[PDB]
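Heads up, the thing below is written out as structure tokens.
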There are 2 protein chains.
Amino acid sequence: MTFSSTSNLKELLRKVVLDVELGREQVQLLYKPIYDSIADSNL
Amino acid sequence: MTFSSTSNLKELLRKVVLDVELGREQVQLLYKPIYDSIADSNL
């Protein structure tokens, strides 16, 4: 009858999350084509 | 004997409908490529 009445009492209502992209952007390895890598552990 | 005498008596005169395009434009859902849809009855 009076959903406006029950709107304020939020804890009754279902909780659903508006899914949005959050989080820091992924990072890449840009340098690699320029550099020649040597990976001897005994350096 | 004039044809104007029989003008008013439309029942006597043969009836032919002037064929023509009547109607209204069909509406379309333009938004859909832009928006990403989430469907849930419990929102």
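Which residue pairs have Cβ atoms closer than 8 Å, lie 6 or more positions apart in sequence or on different chains, and pair a first residue in the range B:20-43 that is within 12 Å of another protein chain (Cβ to nearest Cβ) with a second residue that is assigned to a loop (DSSP other than H, G, I, E, B) and surrounded by 10 or more Cβ atoms within 10 Å (Cβ to Cβ)?
Once the first residue is within 12 Å of another protein chain (Cβ to nearest Cβ) and sits in the range B:20-43, its partners that are assigned to a loop (DSSP other than H, G, I, E, B) and surrounded by 10 or more Cβ atoms within 10 Å (Cβ to Cβ) give B:40/A:16; B:42/A:16; B:43/A:16.
Go through the range A:1-13 and count every residue that is in a loop (DSSP other than H, G, I, E, B) and either among the aromatic types (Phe, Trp, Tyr) or more than 23 Å from residue B:38 (Cβ to Cβ) (or both).
Total satisfying the criteria: 4.
Criterion first (of a type outside the set (D, E, K, R) and surrounded by 10 or more Cβ atoms within 10 Å (Cβ to Cβ)) does residue A:7 satisfy it?
On the way: of a type outside the set (D, E, K, R): yes; surrounded by 10 or more Cβ atoms within 10 Å (Cβ to Cβ): yes.
In short, yes.
Quick one: how many residues across chain A are among the charged types (D, E, K, R) and either under 17 Å from residue B:42 (Cα atoms) or touching a helix residue (DSSP H, G or I) at 6+ places or on another chain (Cβ under 6 Å) (or both)?
Count: 5.
I'd like to know if the range B:14-36 contains one or more residues that are acidic (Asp, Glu), within 30 Å of residue A:16 (Cβ to Cβ) and in a loop (DSSP other than H, G, I, E, B).
yes
Note that each Cβ is placed from the backbone with ideal geometry, even for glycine, and that neighbours are counted across all protein chains shown. Coordinate-derived values only; no laboratory data.
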